[PDB]
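This report refers to the structure that appears directly beneath it.
So you know, we letter chains A, B, ... as the sequences are listed, proteins then strands, and number each from 1.
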Amino acid sequence: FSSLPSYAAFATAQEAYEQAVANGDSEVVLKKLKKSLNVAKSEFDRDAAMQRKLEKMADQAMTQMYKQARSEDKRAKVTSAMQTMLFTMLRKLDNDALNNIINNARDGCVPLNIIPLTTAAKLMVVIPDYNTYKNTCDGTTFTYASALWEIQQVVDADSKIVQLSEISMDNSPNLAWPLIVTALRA
Amino acid sequence: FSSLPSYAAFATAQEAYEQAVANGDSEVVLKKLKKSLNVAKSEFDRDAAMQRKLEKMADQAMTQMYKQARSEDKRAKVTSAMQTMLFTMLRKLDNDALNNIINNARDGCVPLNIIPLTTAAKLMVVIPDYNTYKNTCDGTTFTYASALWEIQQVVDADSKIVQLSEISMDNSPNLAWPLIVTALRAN
Amino acid sequence: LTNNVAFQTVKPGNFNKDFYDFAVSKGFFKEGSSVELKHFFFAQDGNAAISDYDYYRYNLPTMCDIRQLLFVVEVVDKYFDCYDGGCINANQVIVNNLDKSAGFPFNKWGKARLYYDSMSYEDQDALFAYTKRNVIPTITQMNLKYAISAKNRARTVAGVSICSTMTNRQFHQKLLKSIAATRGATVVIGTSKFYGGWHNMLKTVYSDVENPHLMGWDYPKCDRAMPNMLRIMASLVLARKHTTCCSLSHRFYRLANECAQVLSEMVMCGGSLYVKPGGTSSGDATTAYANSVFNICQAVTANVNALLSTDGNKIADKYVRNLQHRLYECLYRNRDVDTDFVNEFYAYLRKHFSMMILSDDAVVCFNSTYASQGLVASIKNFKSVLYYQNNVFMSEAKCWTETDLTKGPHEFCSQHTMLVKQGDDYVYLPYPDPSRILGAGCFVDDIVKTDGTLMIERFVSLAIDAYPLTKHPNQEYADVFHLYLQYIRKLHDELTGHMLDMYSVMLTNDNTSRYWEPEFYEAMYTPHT
Amino acid sequence: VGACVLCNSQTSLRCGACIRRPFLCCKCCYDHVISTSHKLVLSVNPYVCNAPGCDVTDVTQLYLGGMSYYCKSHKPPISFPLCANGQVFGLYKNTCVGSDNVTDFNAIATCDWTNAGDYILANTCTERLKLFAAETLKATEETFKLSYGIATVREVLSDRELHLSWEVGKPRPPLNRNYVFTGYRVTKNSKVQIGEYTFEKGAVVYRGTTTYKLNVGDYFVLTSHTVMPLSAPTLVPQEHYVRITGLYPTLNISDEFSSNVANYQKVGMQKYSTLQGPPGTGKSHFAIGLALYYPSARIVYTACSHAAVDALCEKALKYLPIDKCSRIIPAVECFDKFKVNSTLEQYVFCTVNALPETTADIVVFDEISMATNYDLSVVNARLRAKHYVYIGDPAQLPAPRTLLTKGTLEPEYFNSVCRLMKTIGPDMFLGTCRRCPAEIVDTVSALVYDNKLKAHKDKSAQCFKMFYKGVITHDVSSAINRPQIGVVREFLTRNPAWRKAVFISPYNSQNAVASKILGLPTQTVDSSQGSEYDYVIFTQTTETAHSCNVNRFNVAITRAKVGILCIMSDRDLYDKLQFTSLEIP
Amino acid sequence: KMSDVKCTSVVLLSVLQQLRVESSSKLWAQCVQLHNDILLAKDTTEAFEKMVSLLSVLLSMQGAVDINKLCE
RNA sequence: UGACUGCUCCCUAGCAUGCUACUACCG
RNA sequence: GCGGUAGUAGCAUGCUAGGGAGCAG
Ligand SMILES: [Zn+2]
Ligand SMILES: [Zn+2]
Ligand SMILES: [Zn+2]
Ligand SMILES: [Zn+2]
C-alpha cells in the first residue's frame, strides 16, 4: 500500500488539499488541487486494491503449491507412513495378544501362517533360538497370542523332525535353530 | 500501444502544456490545450478498448483453434487405434470354421453367442472349487459345447501354472481357487 | 477377451488418523456411545466383481399382467406428464464430467472427453440417427465401486459404452433435464435438499392427504431383479415424449438400442464377456429416471392390486367402489386407453397416495384410513407386487412407516428428517446418519485426504451435510457437527501455521472464519438460495 | 522440495533447462535465469503457460495468473511476475538465503565439458557445486555416447575378427578398454544378457574371463545406465578426540615393522592420515598390519577390478583364516571361493563397481587417485561409517580425460583434498622396504617423493636407458614405428633370456603389430596392477608432454621386482635419472 | 476401544495391500474376510481375535521390518 | 482399471449489469 | 455557472469457463 509511487503522489495530494482547506483558499485554487487529488486517489485505490489482490493470489498460489507438495510427499511416503501409523495404533491398543505377537515378531518367533482362532486348527511358528523357545514353550504347551497352543511337531531348518524334551540350554547349539514348531490351539 | 498516431498528439499536448506552464498563458489557451489532450485521450481510450478487445478476441480464437487442432489430432489417433484394434482382432478369427458356420446359416446371419461356442480355438474354464472341477475339467481332456477340449494350461487366481496332479480332494485347500483351465479344440 | 481372468480387488480405506484422534479427543467413540463407526470402505477379494455380477441370477424372465401393465403404464405416463422431452441435437447435449470412463473398449484410448471431442456435432448426430433405424449392441464394463458403505457386500456400477451413452443422451436428456428442473412433482430428481428444498419436497408430499401416514419401502436387488418387461416399460414411458421428433420405427429402434445396450448387453465383468439376463444396468444415461418410472409403476401396481383385491361389497364409499369397478373395466374389459378413467385414477392416487420418487427410493404420504380398508397399498400390496412382478421378497423390516407427520420420513435418500424451528417457523431438515459423516471424515479413499489441510473443503462439505444434526435432541448428533467445525478450525490453523513456517510471515486476510461457524451452514438449510 | 544446490536452502524449484534439474532457491534460481539461457525452472508443476497451445517457457515472460502460470499474452487481469524482486516466485520465497556466488554455476551450466576451464572450476568450487558438476559431467558423457544409433552387425566372422562399422558421420569411439560395452541383446522381444564384452585391437578381439553363448539376431550397442544424484562430498569433516575410551586393545602386533604401530594407533584415533605409498608397493602391507594390530576395526576392501585385487585375495588366506574372510556379493557375477551364507562378519570383500549398502569402522580407499569426483562421491554416499580414514597419495595417478581438447591437468590439482594432503607432509613413517631396490626408489624419491623413501639396499645397476628420435605419423589415434621394433628385435635376439615378459605399452598398436612375431598379449599400463613378474620392459614411444608427465605410469613403475628399463623419448628424464647411458645400435 | 480396533484393522489391511498381499489370492481373501469381519463385529473379543489373526499375516512376511517400526 | 445424474462449498479467469471516481470535449 | 452525453478505471451484481472437494441415489 505505502510502498508505491502512487501512494507518494496520493499522500502529497492529500497533504496539499488538507493544508489548503485548513489555511483557507478560494474555490478555484482548492478545486485545482482537489481535481489533482481525485486522480491520485483513483490511481492509488486501484493500485492498492490490485496489490491486495496480488498478495491474496500469491498467498493462495503458495498455499496450493504447499498442498501439491504435501500431496506428493504423502503419496510417495505412504508405504512408511501407513506402517508407522499401524504400529502406533497397535501399541495404543495395548492388547495382550497383539502385544505378545508383536514382541515375538520383533525379537524371536514369527508365525509361518495365519494364526487361527478356532480350537481345531494348527499354528506354525519360527523360533530362532533357545531364549524364545524357553520363554514361550513349556512342556507340551506353547504360549502365543495370549493363548495356549498344544505342541504337535517341532522341525528344524533342515526339515529334521526332533522330539520335545531334547532341546535345552546345553544341547541347544547342535541343531538347526531356525526351527518350525507346529502347535494346535487348545 | 507503442506505434499509434495518438502518441505524437500526446507529445505535442505535453509540449504545449510545458510552454503554457513556463510562460503562464491565459485560461482560454489552457482550456483549448486540455480539450486537445483530453480528447486525444478519447482517441487513445478507443485504441486501448477496441484494439485491446480485438487482441483478446484473437488470443481466444487462437486458443480455440489450438484446441480444435488437438481435438482433430486426438480423433486421428483414436481412429488409428480403433482401426488397428479391429484389424488385429479380425486376424485371430480363424475364418475357416467362422466361414463354415456363417455359410451354413440361412442368410449368413448367426447369433453372437454361438461364434465362440463353435469356432473358438481356445476354451477358458473358470472353476470355483474342486467339486465343479471334477465334473467339468476331468483329466487332460474334456468335452464341452458339443466339442472335445484338451487342456494345455491350468492357472490359479495368482496366475501360477498348477499341474493336473495338484487338483485333488486333499490338495484343494492348498490352491487359490478360481482355477482357470485353458484348453484347445480337439479333432 | 484376454488369455487370463482379471481378478479386481477393492482396497481398504485410507485412514484419517488425525481426524479420528481429534474426534476421540472431543469425547467421541466412547464405549456405549449412541454414535459409532458403522460405515467403512469394506475390502473385497479377487472373485468379488464376478460374485456381484452373479447377483443377476435374481433377474428372472417375468411375464407381467399385460392388461394390468397397460393401465399402470398409462397412470405412470400421467405421472410423467408435466415434463417435456424429445430429441436434441449433439450441440444441445449437456455432459457433466467429460473425464469419466467410456465403457469398453473405448476406455483403452481415453475418457468420454476424447469421444466427445473426436466426434463433431454432425458425427454425433449421424451416430444418433443411425440408432433410429439400426441396433448397436454395446459392451458394458462392470466396475467395482470403491466407496464408504455400511455393508460388506461389494458394490458394482455398470460402465456403459460411449456409443450407447452418447446416443441415449441425445434421445433422453431433454426429458431428463425437464424432470430435473421441476419442483413439486412426484419425481424429485433435481430438487435440492438444501435451502429449504427438503421442506418443500416434504410439504409437496403432504399435499392433501386426509389421514396421512408416511411409508417408505425397499426394492431388494433393484438393479439386479428388475424384470426386463418393467425396464422396457420404463424406457417406453421415457420415450412417450417422442411423439413428433421420432417415427414409430425410430422409437422402436431406440427402444431396441436401449434393450441391447443397458438391458441384455454383453457385460465385461473381469476381463471376459458375459450375457446380462436383464434388470437395470445402473450406469446408463437414464439410470435414475428409469428407476423412478419403475418405482412409480410398482406403486401404481400395488395400488391397483389393493383396489382389486378388496371386497367391493364392503367398500362403504360409493365413489371408491365405482372406481374399483371401472378399474377392473379398464384393466380386463376395456382394450383402449380410457383417458377419463386414467386421469381419475391418477387424481385419486395423487390425493390418497402422494409419492416422492427418486431412483428406487420413495416416500409416500398415503391415506391411512384407505390403506386400512384396502383402498390404497399399505405395505403388503407392495410386498405382494414385488413377489409376483419383481421376483424378490420385500422384507417388511426394510420398510418403515411413520404415522405422525411432525417427524418426517424415517429415511429418504439415506437422510432422516426432524422438524426444527429455524427463524420463526418449523421446517424439515435432512440429517444423515452421524456414523456416515464420521466415517467419511475418518475413512477416505486417497492418501491425500488423510490430511485435511490438503482438502479442507472436504470437511466443509461434510459439515454442510452434518449441520442439521445440531438440532437433533441427542447431544452426540449435534456433537458431530460441532466436532466438524472444531476440526475445520484446527485444519485452517495448522495450514496457516505450516504456511508461516514456510514464510517469514503469515497470511493476513483470511475471511475463512465462517467455516468454523454455524452461520455458514445454517444458511444452507434456510429457504433463501 | 529439498535443499538448494548452490545455497543449501529449502526449495521446490528445479532448473528445467539444466540437465540434472538441480534444486535452486528463489534468489539463486533467478540469478541463474537472468545470467544464462536457462530460462526454464520446474516446481510441483512446471513453470509454463498453462493456456492451451502456448509455447513460452521463459520465466521472465511468465506471470502468475489464476491457479496456474501464464504469460503476458495469456495472463488474467490479476497478473504476478514469477521472477521479480531478485527472486523467482515459488515455495520458500521468504525463508531464503541465496548466494552472491552464482557466476560459477552460470558458467558451468552452459559449458560443453570440452575446455579445461570446466575442470578447473569443478576442482575449485563448493562441495555441492563440485558434486553437481561431477553429476552433470557424467550425464553429458552418457548423453554424448548415447547420441548415436545402434551399431548393427549383419555378418558373423571368425574369432577375434569382426568388421564393426560406425554411424553416418559418427567419429571413431575409443578403441581401448576405456568404454566397456554393456548392452542387452534382444532375441525377439526382450533385451537381456548380451554378456560382457571388452573391445580391443586385433578387427575386435574379446577376452572373456568366463564362457558365454550368443543368440541369433543379436546386435551390439552401448546401453547407458541410470545416473544417480550425488549426496556426500569428497571428504567428511575432520575431528580429533582427546582420550582412548571404548576400544578393545589386542595383544598381537606385527614384529617385522617396529616404527609404524605408534602412528597406526593415532590413525585409529585421528581422522585423516596421508601416506606416500605407490599402488601395490607396501600399500597392502599397511592394511594387513592394521588388521593384525586392530582386528576389532571394521575394514572394507574395494578395487576397480578383481584381477588386480586377486593378489590381495590370494595372500589374505595365507595371512588370515578362512572364517574371517567374507564376500557379500550383491544378490554381474564372479567367483565364489569366499564364505557363503554368513551376513554377520567383520571383514567383508566387494568391488567398487558394485558397492552394496554397508557400514564399517575403518575405510581403505584403495585406488583413490584413478577415481574422479563422481566415483569418489558414489563411494562416499553409498557407504557410511563412524570413523573415516583416507588412504592414498596425491602424487599417485592422474584421472583419464575423455572430452578434454585443450589444456593438460596439473599433477598437483587432482583433487581439492589431495591439495591439503600434500601441504604439510605425512606424519607417519613406514621404514620397512619389502619391494624394489634403490635403483628406482631413490630416483623417484629425488624426483617426486621428496627424497623421503628408504633405501636399504644398494643400486644393482640393473636399469638402462636408450636415446632415440623416432618419426611421428598418426593413422587413427596412434603411430607405428618400424625402426623401434627393429631395434627391439636386434636387442632381444642376441640376448633371448629377456623374452619372458608380458609386454606393457601405453599404445596398443606396437604390441598388436608384434603379436605376429612374439605372441605376447596386449596389457594397458593404466590397469596393469595385480600382474607382476621378474623381467619387465617399458616403452613410451612418443615424446609429447601430455604422455610423459611426472607420474602417470607409476602404477607399473613400482610393479617391477628386480629392475625395469627406462626408454625416455623426452629430455626431462635424462637429467632426472641418475643411471648410466648405454649404447644402442 | 472397538472403534480403535476397527481402525487398526483398516490400517493393517492398508499396509498388507501395500505389501502385495493381494498377489496371493488365498492370503488376500483371508485378509479381506478378517478385515470386513472386524468392521462388522459387535464385541471387542471376536474383533480382537480376528485382529490378531490379521496381524499374523503381516508378521508372517519378511517384507516389513518389525524392530525398526517399533520406535515406541 | 475409475459409470450416469443431481445438489452444495472454495479458488481463479473472462464476459453481461448496478454504482463510484476524477481531468475535458458539447450546448 | 449548465445537463451532460459519454466515456474509460476502484466497488457491486450476474453470467460463463476452468480447477479442487463434499454428500445423495
Ligand atoms: Zn426422438
Ligand atoms: Zn540457491
Ligand atoms: Zn539451468
Ligand atoms: Zn501463453
Side-chain angles (χ1 to χ4, degrees), chain A residues 34-50 56-57 60-61 63-64 67, chain B residues 33 36-39 41-42 44-46 48-49 56 60, chain C residues 6 8 95-97 99-103 107 111-112 140-146 156-160 165 168-169 173 176-177 179-180 188-195 197 262 271 281-289 291-292 358-361 412-415 430 432 436-437 440 449 454-466 512 515 520-521 524, chain D residues 50-51 65-68 70 74-78:
Chain A
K34 186 182 181 302
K35 293 179 179 179
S36 297
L37 167 64
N38 279 126
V39 288
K41 185 172 184 177
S42 181
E43 188 170 329
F44 166 70
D45 192 68
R46 169 242 294 179
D47 205 325
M50 180 59 181
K56 188 176 184 299
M57 289 300 183
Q60 287 295 324
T63 303
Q64 174 267 156
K67 289 175 179 298
Chain B
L33 154 74
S36 79
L37 164 117
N38 264 5
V39 314
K41 187 65 161 310
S42 64
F44 217 167
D45 182 20
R46 314 306 180 188
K56 180 255 182 300
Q60 169 182 127
Chain C
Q8 184 184 1
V95 183
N96 302 118
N97 279 272
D99 297 73
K100 290 300 183 181
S101 171
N107 61 335
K111 301 298 180 60
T140 289
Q141 196 172 25
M142 228 59 184
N143 300 315
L144 285 171
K145 193 181 191 61
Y146 181 48
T156 55
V157 295
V160 188
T165 305
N168 290 325
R169 281 197 243 260
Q173 189 172 100
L176 306 193
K177 297 294 183 177
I179 294 174
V188 295
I189 300 183
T191 310
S192 183
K193 67 174 183 176
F194 301 99
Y195 306 109
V262 317
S281 168
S282 63
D284 55 325
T286 65
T287 291
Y289 311 90
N291 290 330
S292 299
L358 228 143
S359 59
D360 80 72
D361 201 333
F412 179 65
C413 300
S414 178
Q415 308 295 290
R436 177 58 176 83
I437 310 296
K449 330 240 224 65
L454 270 55
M455 288 80 178
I456 307 184
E457 76 288 346
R458 176 178 203 279
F459 294 89
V460 174
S461 300
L462 291 179
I464 290 175
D465 289 318
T512 57
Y515 292 147
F520 170 78
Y521 308 85
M524 213 68 56
Chain D
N50 287 259
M67 305 310 299
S68 299
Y70 303 92
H74 292 146
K75 64 189 192 64
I78 307 181

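Here the nucleotide nearest the side chain of C:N143, chosen from F:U1, F:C11, F:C10, is F:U1. Nearest to the side chain of C:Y289, among F:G6, F:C22, F:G2, sits F:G6. In the set F:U8, F:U1, F:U12, the nucleotide with an atom closest to the side chain of D:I78 is F:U12. In the set F:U5, F:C9, F:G2, F:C9 carries the atom at the smallest distance from any side-chain atom of C:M524. Distance from the side chain of C:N96 is smallest for F:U5 among the nucleotides F:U1, F:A3, F:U5.
With a cut-off of 3.5 Å on both pairing distances, the Watson-Crick or G-U wobble partner of F:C19 is G:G10. In this structure G:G1 sits in no base pair that meets the Watson-Crick or G-U test at under 3.5 Å. Summarising the base pairing, F:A3 is matched to no nucleotide, lacking a Watson-Crick or G-U wobble pair whose two defining distances lie under 3.5 Å.
In this structure, C:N291 contributes its side chain and C:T287 its backbone to a donor-acceptor pair below 3.5 Å. When atom types are taken as modelled, the side chain of C:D361 and the backbone of C:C413 share a donor-acceptor pair closer than 3.5 angstrom.
Ranked by how close their nearest RNA chain G nucleotide is to the 5' end, C:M455 and C:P432 are led by C:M455. Remark on RNA chain G: of its neighbouring residues C:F459 and B:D45, the 5'-side contact belongs to B:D45, judged by nearest-heavy-atom nucleotide. Comparing C:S101 and D:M67 by the nucleotide of RNA chain F whose heavy atom lies nearest to each, the residue mapping closer to the 5' end is C:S101. Residue order along RNA chain F, read from the 5' end via each residue's closest nucleotide, puts C:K111 first among C:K111 and A:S36.
Across the protein-nucleic acid pair, A:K34 atom NZ and F:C22 atom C1' stand 8 Å apart, rounded to whole Å. Look at CD on C:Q8: it is 9 Å from P on F:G2, rounded to the nearest Å.
Note on B:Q60: nothing from the nucleic acid sits closer than 4.0 angstrom, heavy atoms only. Using a 4.0 Å heavy-atom cutoff across all strands shown, A:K67 reaches no nucleic acid atom at all. Contacts of C:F520 with the nucleic acid, taken as non-hydrogen atoms under 4.0 Å apart, involve only primed sugar atoms and P, OP1 or OP2. Among the heavy atoms of the strands, none lies under 4.0 Å from A:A40. As judged by a 4.0 angstrom heavy-atom cut-off over every strand, A:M50 is placed among residues making no nucleic acid contact. Nucleic acid contact for C:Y515: sugar-phosphate only, since backbone atoms but no base atoms lie under 4.0 Å from a heavy atom of the residue. C:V460 comes within contact range of the sugar-phosphate backbone alone, with a heavy-atom separation under 4.0 Å but no base atom that close.
Nucleotides of RNA chain G with any atom under 4.0 Å from a heavy atom of chain C span, from 5' to 3', G:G20 to G:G25.
Residues C:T140 and C:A158 share a closest heavy-atom pair of CG2-CB, 3.6 Å. Of all the heavy atoms in C:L144 and C:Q8, the pair that sits closest is CD1-O, 3.2 Å.
Annotated as stacked: the bases of F:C7 and F:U8, by the 5.5 Å centre and 30° plane rule.
Atom name P, nucleotides F:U17 and G:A9: the rounded distance is 14 Å, in whole Å. Taking atom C1' on both nucleotides, F:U1 is separated from G:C23 by 25 Å, rounded to a whole Å. Rounded to a whole angstrom, the distance from the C1' atom of F:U20 to that of G:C2 is 23 Å. The P atoms of F:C10 and G:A12 are separated by 15 Å, rounded to the nearest whole Å.
Residues forming a side chain to side chain contact (heavy atoms under 4.5 Å, CB included) with A:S36 (at least two apart in sequence, or on another chain): none. By the ring pair (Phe, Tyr, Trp, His ring centres under 6.0 Å) test, C:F194 pairs with C:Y525, sequence neighbours left out. Here A:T63 pairs with A:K67, C:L495, C:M499, C:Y503 under the side chain to side chain contact (heavy atoms under 4.5 Å, CB included) rule; sequence neighbours left out. Here C:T165 pairs with C:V160, C:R169, C:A285 under the side chain to side chain contact (heavy atoms under 4.5 Å, CB included) rule; sequence neighbours left out. For the side chain to side chain contact (heavy atoms under 4.5 Å, CB included) test, residues two or more places apart in sequence or in another chain that qualify with D:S68 are D:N50, D:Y70.
Of the side-chain N and O atoms in B:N38, none sit less than 4.0 angstrom from OP1 or OP2 of F:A24. A sub-4.0 Å separation between OP1 or OP2 of F:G2 and a side-chain N or O of C:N107 is present. Close to F:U5, at under 4.0 Å from its OP1 or OP2, lies a side-chain N or O of C:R169. Distances shown here put a side-chain N or O of C:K100 below 4.0 Å from the OP1 or OP2 atom of F:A3. Distances shown here put every side-chain N or O of A:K41 at or beyond 4.0 Å from the OP1 or OP2 atom of F:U20.
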